[PDB]
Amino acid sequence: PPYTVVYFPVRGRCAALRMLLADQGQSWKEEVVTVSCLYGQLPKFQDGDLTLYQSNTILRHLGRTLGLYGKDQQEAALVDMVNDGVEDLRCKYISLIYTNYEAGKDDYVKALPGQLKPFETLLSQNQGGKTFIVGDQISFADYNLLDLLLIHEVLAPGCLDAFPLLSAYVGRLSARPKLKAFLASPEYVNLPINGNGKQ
């Protein structure tokens, strides 16, 4: 395969790009790192002899090369705006999981709905929330947002009950045939979400 994902045996920052690859029928190899790198971190991603680091770099690159970055330049910017919002919330989530889980979790969950609402609002403005997060075609931001929502449902079950378009969106994206099969597969299910047992 021309694609290789080098990462810890976790879903982590590779979950979204993996969903993307699975859903667009792409083949890739997984290289596992048990407990060199430009920024001293994984994921590392190979596409032929191109070596990328940074999960969002990988998403944008797949977004550009597989046509999942909007239909024009304005949509592409909106895709970025969504992904940057997803990543802002991910940065807080990761800090929680890895540096303040037991003490911060109740404060984090309190603030959660106000950090989710912006995505509900975006959906409500795009064809009634019935298609994708931007435009009428799936983008890399949809896979990343989907992941973010899936991992938050585990952290704070019901956190989407207050948000009907986000709820239906998750169920709708999750039932895409190729993606539904992947999320059910051992390759996905048998990895933990993070690398410290907390979720």
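Residue indices: 1-based, along the sequence shown.
- Mean C-alpha B-factor is higher over 39-47 than over the other stretch, the pair under comparison being 133-141 and 39-47.
- Stretches 74-82 and 97-105 differ in mean CA B factor, with 97-105 having the higher one.
- In this PDB entry, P164 carries a Cα temperature factor that places it within the middle third of its chain's modelled residues.
- When the CA B factors of the chain's modelled residues are split into thirds, the value for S27 lands in the middle one.
- In the PDB entry, a CA B factor belonging to the highest third of its chain's modelled residues is recorded for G158.
- The PDB entry assigns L68 a C-alpha temperature factor belonging to the lowest third of its chain's modelled residues.
- The entry lists a Cα temperature factor for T34 that places it in the highest third of the chain's modelled residues.
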